[PDB]
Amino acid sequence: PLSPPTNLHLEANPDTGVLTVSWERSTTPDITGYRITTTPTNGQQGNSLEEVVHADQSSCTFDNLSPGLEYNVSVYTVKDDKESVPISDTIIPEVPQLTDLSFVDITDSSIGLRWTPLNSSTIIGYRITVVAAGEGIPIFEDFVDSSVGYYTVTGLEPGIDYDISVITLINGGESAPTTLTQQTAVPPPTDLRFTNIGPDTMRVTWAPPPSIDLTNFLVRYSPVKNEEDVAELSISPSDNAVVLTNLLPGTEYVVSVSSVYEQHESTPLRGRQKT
């Protein structure tokens, strides 16, 4: 008989939407080519496709199969007007996941999300989940339609890591989750102030971030000329000022104040002052 193909392999790439069918070529010496078919196993869903390749080829592609449907794939060895018994297998192509989820407009209580909505016509929406990374506590869940690629998560706490996921949805299935960790901002102090200036000392003052309970403030300072010479002070969250001692006369210093919650610190508030 005409010997069928062997070693049938089916690879559905969800990012490209393409099914690649491969096989080991027939042992029969003088063949025309191969005929490959695509047939949904659920008789109420999808439709059939057919592909044809040359005798020296051992793969073919099919695009625009429906994610989440089961398909029987058959490969037939072709010899003029004659065909081998097929080799067959089933595959369920995955739902595509988002590949460019990014974060934007990060604040102390809010996180903005952006992504490119996928171009797959059976996608009917996205699921957004927000989980507190430290404890695995679910925080928030919502749904957006298939054409939306933006979302603002609100009502969060500052200085906290959140696992944020966007899952692509079809009727009756979903993609693997696109999950990323994003920390909420620790709010910086504002309005750096320098008073009581002497040869060796200076009073550093700032405005605390409102309505937050910091672990501490963290004061860093170093000479402008040699900036690898950094000293570090830990200040109580209830204090808005510190007196810096043991300084050099006629010298310009860079000073930063950073809010700190649970080891996570704010962007620095920075200013220069000359003794």
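Counting begins at 1, following the sequence as shown.
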| query | finding |
| --- | --- |
| Between the two ranges 27-35 and 58-66, the one averaging a larger CA B factor in the entry | 27-35 |
| Given 216-224 and 49-57, the range whose Cα B-factors average higher in the PDB entry | 216-224 |
| Options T129, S88, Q182, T195 - largest CA temperature factor per the record | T195 |
| Residue with maximal Cα B-factor (values as given in the PDB entry) among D161, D105, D80, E135 | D80 |
| Modelled-residue ranking by C-alpha temperature factor, third containing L10 | middle |
| Chain third (lowest, middle, highest) by recorded CA B-factor, residue given as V257 | middle |
| Chain-wide C-alpha B factor ranking for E157, given as lowest, middle or highest third | middle |
| Modelled-residue ranking by C-alpha temperature factor, third containing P188 | middle |
| CA B-factor placement of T122, once the chain's modelled residues are sorted into thirds | lowest |
